[PDB]
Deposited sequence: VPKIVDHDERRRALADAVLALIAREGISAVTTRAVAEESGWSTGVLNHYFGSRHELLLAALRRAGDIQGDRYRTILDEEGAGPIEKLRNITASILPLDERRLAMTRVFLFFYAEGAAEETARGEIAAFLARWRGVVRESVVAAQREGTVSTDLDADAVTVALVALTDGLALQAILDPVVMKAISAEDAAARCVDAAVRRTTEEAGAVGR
């Protein structure tokens, strides 16, 4: 399932750019029209509610994230644990992309379909984590006494708690900005 409308993709990207720069409150049809170079008429016929404009950004953020998973899983030489560290890092709001994604997801977390979008985001994230936990177990690096389902639920919950607190609380933002932060999350989940 892909968005083929290059203009809608560009509009959703302008929304995310605005979210990273100025926060969700700065998103309006007028501000996005100004950011993107297209008319309020063009936007009003795509969306006609701020909610739909934000929802576009949520979906675009999810798609880019899915491409990140792909890049991470297909990296030559990387093992299950490196992949899990990379997946975990990719959720942490440590650059503009991930700052915008965390902000738009948090906005819709609270409003919750698209709690359907949220569910899809979570299920795909757990999906890629579970595969790599199971791969690490198969390699013998993670205890086969551990339930891969429980490990996955723990890692995803920890990572998301950190990502969400971090945008509210500079204590946690400092914590996740440490070079070893993703590796620490993974180690806690799989028990080193």
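**Student:** Mind pulling out the bits of the deposited sequence that never got modelled, as residue ranges from 1?
**Tutor:** Holes in the chain trace, numbered from 1: 1 to 3, 116 to 119, 200 to 209.
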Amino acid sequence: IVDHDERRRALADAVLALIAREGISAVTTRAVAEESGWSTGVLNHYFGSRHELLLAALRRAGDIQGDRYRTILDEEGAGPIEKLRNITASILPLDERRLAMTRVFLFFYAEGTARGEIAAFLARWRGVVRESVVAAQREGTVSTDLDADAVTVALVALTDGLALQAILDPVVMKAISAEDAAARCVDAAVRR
From here on, numbers count along this sequence of modelled residues.
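**Student:** Mean CA temperature factor from the deposited coordinates, higher in 114 to 122 or in 87 to 95?
**Tutor:** Result: 114 to 122.
**Student:** Mind pulling up the entry and telling me whether 76 to 84 or 98 to 106 has the higher mean Cα temperature factor?
**Tutor:** According to the entry, 76 to 84 carries the higher average C-alpha B-factor.
**Student:** Which one, 161, 48, 62, 127, has the peak C-alpha temperature factor per the PDB entry?
**Tutor:** Answer, based on the entry's C-alpha B-factors: 48.
**Student:** Test of reading the entry: by CA B factor among the chain's modelled residues, which third contains residue 29?
**Tutor:** Answer is middle: the recorded C-alpha B-factor places it there.
**Student:** Taking the entry's C-alpha B-factors for this chain, is residue 137 in the lowest, middle or highest third?
**Tutor:** As the PDB entry reports it, the C-alpha B-factor of residue 137 lands in the middle third of its chain.
**Student:** Taking only the Cα B-factors deposited for this chain, tell me whether residue 154 sits in the lowest, middle or highest third.
**Tutor:** According to the entry, residue 154 has a C-alpha B-factor in the chain's lowest third.
**Student:** Residue 168's Cα B-factor: lowest, middle or highest third of the chain?
**Tutor:** Ranked within chain, residue 168 CA B lands in the highest tercile.
**Student:** Looking at the C-alpha B-factor of residue 16, is it in the lowest, middle or highest third of its chain?
**Tutor:** CA B-factor rank for residue 16: lowest third.
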